[PDB]
> 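Following this message is one structure expressed as structure tokens.
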Amino acid sequence: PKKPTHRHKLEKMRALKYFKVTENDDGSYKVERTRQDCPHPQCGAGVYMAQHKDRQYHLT
RNA sequence: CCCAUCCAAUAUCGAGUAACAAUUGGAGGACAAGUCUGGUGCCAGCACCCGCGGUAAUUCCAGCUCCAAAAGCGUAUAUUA
RNA sequence: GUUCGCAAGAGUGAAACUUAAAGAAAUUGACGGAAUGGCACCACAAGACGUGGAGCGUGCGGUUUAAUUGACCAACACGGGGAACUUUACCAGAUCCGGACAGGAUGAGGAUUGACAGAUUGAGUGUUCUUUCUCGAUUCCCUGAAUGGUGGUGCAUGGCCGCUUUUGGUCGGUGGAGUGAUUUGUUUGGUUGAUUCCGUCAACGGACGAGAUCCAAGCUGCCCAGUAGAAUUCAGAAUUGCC
RNA sequence: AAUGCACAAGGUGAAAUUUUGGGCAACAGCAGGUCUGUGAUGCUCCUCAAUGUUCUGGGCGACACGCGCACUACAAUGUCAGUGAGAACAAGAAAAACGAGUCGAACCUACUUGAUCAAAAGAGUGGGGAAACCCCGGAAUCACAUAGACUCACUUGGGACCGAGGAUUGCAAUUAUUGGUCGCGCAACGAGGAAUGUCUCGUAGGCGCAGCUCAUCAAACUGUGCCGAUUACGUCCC
RNA sequence: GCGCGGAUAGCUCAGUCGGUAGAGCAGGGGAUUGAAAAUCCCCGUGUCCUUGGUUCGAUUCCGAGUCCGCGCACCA
RNA sequence: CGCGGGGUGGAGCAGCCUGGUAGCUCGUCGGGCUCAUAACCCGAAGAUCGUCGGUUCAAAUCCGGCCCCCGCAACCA
RNA sequence: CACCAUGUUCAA
Ligand SMILES: NC[C@@H]1O[C@H](O[C@H]2[C@@H](O)[C@H](O[C@@H]3[C@@H](O)[C@H](N)C[C@H](N)[C@H]3O[C@H]3O[C@H](CO)[C@@H](O)[C@H](O)[C@H]3N)O[C@@H]2CO)[C@H](N)[C@@H](O)[C@@H]1O
Ligand SMILES: [Mg+2]
Ligand SMILES: [Mg+2]
Ligand SMILES: [Mg+2]
Ligand SMILES: [Mg+2]
Ligand SMILES: [Mg+2]
Ligand SMILES: [Mg+2]
């Protein structure tokens with residue numbers, strides 16, 4: 001009765017996925033991450049999980 | 001009036017898209033000249049005669065391009081060959 | 001209109017209008033409820049075994065249906081068509097691009113690909129809406145196009161098939177005949193399934209088809225076999241009679 | 001017959017007149033069929049909610065009816081239940097995949113089993129690349145002094161229709177895929193009107209069997225064998 | 001003049017004696033054809049004079065009244 | 001109106017048992033023959049006997065009342 | 001010598 005939309009992928013506006021605080025980086029620390037990977041399924045290296053009500057996400 | 005003569009005889013206006021612009025009938029045959037493109041689909045129309053047109057029209061309605069005569073060229077009725 | 005006639009009629013004799021041929025003689029063909037000679041169990045004869053009647057299978061028509069997707073002797077168990085899905089061409093929906101490549105505007109500060117859970121849905125189908133991560137130039141958005149179609153037209157075609165036709169038929173060359181289309185060769189006679197042969201012959205020389213070649217079956221030679229078979233001779237076993 | 005080309009009858013022979021049976025077949029043509037065979041094709045239509053292409057579900061198969069073509073019968077020259085003898089053509093498994101450049105499994109099959117108890121199955125174990133295994137290919141008609149049941153009836157003829165278990169093919173069986181079991185059989189049908197088809201000897205007819213379609217399904221078709229006649233060997237009547 | 005009678009699609013026309021409408025052609029589209037004609041299917045469709053008395057409602061009943069036909073008349 | 005005749009399958013007509021899915025010709029259907037149609041051949045269907053009553057075991061017939069159709073007459077001053 | 005009638009319009 002009504003035509004569907006034929007979805008295009010949404011732009012994330014200058015961030016696909018993101019890190020943590022204290023961008024000074026005075027030789028003490030690497031920056032922390034904001035999600036996890038749960039590896040070997042399938043890659044786990046740069047695979048970062050979704051929030052989705054803090055649940056999960058690929059796949060892995 | 002026209003035509004003719006003239007743009008100095010000391011001394012006369014003027015072409016450019018020379019826009020100051022050719023048309024009238026045709027392109028199957030007789031009969032000179034398109035197996036071009038678009039439209040219509042035995043309709044609309046053409047065709048003196050033969051014939052064209054029934055969804056790929058050498059013939060209709062048009063655009064292009066050609067042919068013929070040309071300040072002319074079609075058509076009709078008489079009339080001679 | 002007039003002159004003849006007892007009358008039927010006769011003689012004389014137009015036009016308006018209409019039409020693109022009507023005719024004439026020949027040729028080639030097709031056709032005859034026209035002669036003549038042949039042939040064929042897709043003809044009959046003399047017969048066989050059936051179909052048409054019945055029940056079912058299957059194809060065709062019609063009627064239904066959302067839809068029930070060529071052909072009318074030479075269509076109808078045929079399109080190798082005995083389709084549950086697929087096939088598939090039809091109907092109700094749903095995806096995907098398999099719209100290459102160009103040109104123009106977004107574009108890495110992201111063009112875009114894909115998807116878990118829910119809602120949507122016929123669908124534990126991300127198709128889409130919410131959600132956020134992945135993909136990392138492959139794409140996407142416009143414009144121009146192109147490639148796909150078991151879309152149409154077999155009356156635009158190629159190819160193949162069927163059918164004219166199970167018939168013996170067609171064609172040149174050069175000569176003859178006629179203004180010519182066209183004839184002759186290619187024939188009246190016998191003959192064969194056969195323009196097959198013999199003879200005749202204004203024809204003579206050729207080409208194809210027919211025959212030949214090819215396959216299969218029947219008899220047969222050579223070759224041949226621990227992928228075919230046979231006999232024998234010793235051993236082993238079985239019957240062994242009075243019924 | 002009258003030269004010739006040849007013909008009939010008989011011989012010879014395995015075979016006697018195209019030996020038999022097929023294949024192949026000229027020239028012209030049909031406005032035959034095929035655009036549903038092709039990456040055969042011109043033109044023209046559709047071309048992103050597409051007439052493309054894929055899913056999902058239907059349909060092609062739906063039945064007052066009319067027709068082609070088969071199949072099964074209407075029975076005693078038979079149906080049944082036994083038992084015997086005994087054919088030919090034929091088919092048969094796999095990929096640059098998944099497994100252990102070599103080998104396996106997909107295909108057909110015998111044999112055992114299932115079996116101190118129905119078929120249909122389901123399982124083992126062999127073999128076969130096919131003249132080598134199936135296979136001494138145990139086809140069905142037929143046969144039988146079978147001292148077998150029926151005895152002329154819509155009947156033990158016929159098996160349409162459909163009811164209930166069950167098991168296999170498939171990813172899926174409902175508008176039963178197919179087999180098997182017990183019911184139903186009171187469904188016509190007793191040899192078929194007008195009409196009509198094919199056929200001249202290993203033929204017609206009967207009989208089955210392979211292959212092909214095929215995961216599952218032959219009343220089909222292409223082949224093959226088996227049993228095996230009636231009539232004509234004529235004519236132009238249609 | 002009186003009486004008998006008939007009006008329903010663009011036209012033509014059948015009606016259950018007093019419960020609501022039939023076709024067909026003409027029309028618009030398909031199937032068919034080489035295009036047509038025929039042919040078949042599907043579609044637009046008739047407030048029935050005017051109305052009253054109103055059977056649950058007048059087309060179907062009866063009587064009034066446009067329409068258009070038919071039976072029958074000074075007196076010797 | 002008097003009087004007289006008839007209503008029968010879609011058409012035209014018959015019908016003497018008081019009675020045959022009532023009969024006839026044509027038509028309508030279904031199949032054949034034909035390339036196709038007609039002719040022709042083989043089949044099958046179709047009747048509120050106009051209607052209501054009554055006689056009867058039984059009615060198209062028999063007796064009626066009605067509705068129609070069709071005439072014969074409808075006289076002499 | 002029984003009966004044996006007919007096949008729409010253009011076009012190819
Ligand atoms: N290519 C052979 C052709 O045979 C034709 O002739 C054939 C016909 O005369 C005739 O054929 C007939 C046929 O007409 C008819 N319609 C059916 C008949 N069965 C045939 O018969 C022929 O074939 C069968 C083989 O099955 C045999 O019974 C018979 O011996 C044979 N004469 O027999 C000949 C076949 O041998 C023509 N001569 C010719 O078209 C051609 O040569
Ligand atoms: Mg044109
Ligand atoms: Mg022009
Ligand atoms: Mg059908
Ligand atoms: Mg010459
Ligand atoms: Mg009969
Ligand atoms: Mg006539």
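Convention: sequence-line order gives letters A, B, ...; per-chain numbering from 1. What you see below is based on every heavy atom in this structure, not just the backbone, and it leaves out hydrogens, waters and symmetry mates.
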> Without decimals, in angstroms, what is the distance between A:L59 CG and C:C133 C1'?
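After rounding, the gap between these two atoms is 10 Å.
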> Does the pair E:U47/E:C48 satisfy a centre-to-centre distance of less than 5.5 Å between six-membered base rings together with a plane angle of less than 30°?
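No, six-membered rings of the two bases do not stack.
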> Calculate the interatomic distance between A:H8 atom NE2 and C:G114 atom P; express it in whole Å.
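To the nearest whole Å, that distance equals 11 Å.
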> Given the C1' atoms of B:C49 and B:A21, what is the spacing between them in whole Å?
41 Å
> With rounding to whole Å, what would you report as the distance between C:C90 and D:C98 at their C1' atoms?
40 Å
> Rounding to an integer number of Å, can you tell me how far A:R33 CZ sits from C:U132 P?
21 Å
> Whether D:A81 and D:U146 form a base pair should be assessed as Watson-Crick or G-U wobble, both distances under 3.5 Å. Do they?
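Here the two bases pair.
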> Starting at CZ of A:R55 and ending at P of C:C133, how long is that distance when rounded to a whole Å?
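Taking CZ of A:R55 and P of C:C133, I get 16 Å after rounding.
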> Enter the distance from A:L59:CG to A:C38:SG here, rounded to the nearest 0.5 Å.
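Answer for the CG-SG pair, A:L59 versus A:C38, is 9.5 Å.
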> Give a yes or no on whether the backbone of A:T22 and the side-chain of A:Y29 come within a donor-acceptor separation of less than 3.5 Å.
yes
> Roughly how many Å is it from CG in A:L16 to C1' in C:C133, rounded to a whole number?
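Computing the A:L16:CG to C:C133:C1' distance gives 7 Å.
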> Quick check for you: to the nearest 0.5 Å, what is the distance between A:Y48 atom OH and A:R33 atom CZ?
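Separation between the atoms: 4.5 Å.
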> Under 3.5 Å for both contacts, Watson-Crick or G-U wobble geometry: does that describe B:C66 with B:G26?
yes
> For the adjacent pair C:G13/C:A14, please state whether the pyrimidine-type six-membered rings satisfy a centroid distance under 5.5 angstrom and an interplanar angle under 30 degrees.
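Under the 5.5 Å and 30 degree rule, these bases do not stack.
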> Would you write the dot-bracket representation of RNA chain C, where each base gets (, ), [, ], | or . depending on whether it forms a Watson-Crick or G-U pair under 3.5 Å and with which partner?
(.((....)).)...............................|..|||||..|..|||||||......(.......)...........||||........((.......(..(..(((........)))..)....)...))....||.|||...|.||||......(((.(((((....)))....((......))....)).))).....||||..........................
> Tell me which nucleotide among C:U132, C:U128, C:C135 gets nearest to the side chain of A:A50.
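The closest nucleotide is C:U132.
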> Under the rule that ring centres be under 5.5 Å apart and planes under 30 degrees, are E:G18 and E:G19 stacked?
no
> Taking D:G225 first: does it form a Watson-Crick or wobble pair with D:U175, both atom distances below 3.5 Å?
no
> State the sugar conformation of D:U41 as north or south, using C1'-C2'-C3'-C4' as the deciding torsion.
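Because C1'-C2'-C3'-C4' is positive here, the pucker of D:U41 counts as north.
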> Identify whether the glycosidic angle of C:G185 places it syn (within 90° of 0) or anti.
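Anti conformation here, the glycosidic angle of C:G185 being more than 90° from 0.
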> With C1'-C2'-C3'-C4' as the criterion (positive north, negative south), name the sugar pucker of E:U55.
north
> Using Watson-Crick (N1 to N3, and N6-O4 or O6-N4) or G-U wobble (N1-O2, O6-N3) distances under 3.5 Å, do B:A69 and B:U23 pair?
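Check passed, canonical or wobble pair found.
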> When the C1' atoms of C:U88 and D:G166 are considered, how many whole Å apart are they?
36 Å
> Just confirming the chi classification of D:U174, syn or anti, using 90° around 0 as the syn window.
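This nucleotide is in syn.
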> Syn or anti: how is F:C76 classified when any glycosidic angle within 90° of 0 counts as syn?
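F:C76: anti.
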> Using Watson-Crick (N1 to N3, and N6-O4 or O6-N4) or G-U wobble (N1-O2, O6-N3) distances under 3.5 Å, do B:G51 and B:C46 pair?
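The answer is yes: B:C46 partners B:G51.
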> Quick one: A:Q36 CD to C:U132 P, roughly how many Å, whole number?
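Answer to the nearest Å: 17 Å.
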> For the adjacent nucleotides C:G103 and C:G104, are both criteria met: ring-centre separation under 5.5 Å and interplanar angle under 30°?
yes
> Have a look at the sugar of E:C4 and report north or south, taking a positive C1'-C2'-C3'-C4' as north and a negative one as south.
north
> Would D:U19 and D:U20 be classed as stacked, given the thresholds of under 5.5 Å between six-membered ring centres and under 30° between planes?
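Flagged as stacked, both criteria satisfied.
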> For the P atoms, the ones on D:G68 and on D:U196, what distance do you get once it is rounded to whole angstrom?
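Here D:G68 and D:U196 have their P atoms 12 Å from each other.
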> Atom CG of A:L10 to atom P of C:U134: distance rounded to whole Å?
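Answer to the nearest Å: 15 Å.
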> Can you tell me whether the base of E:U16 sits syn or anti, using the 90° cut around 0 to define syn?
anti
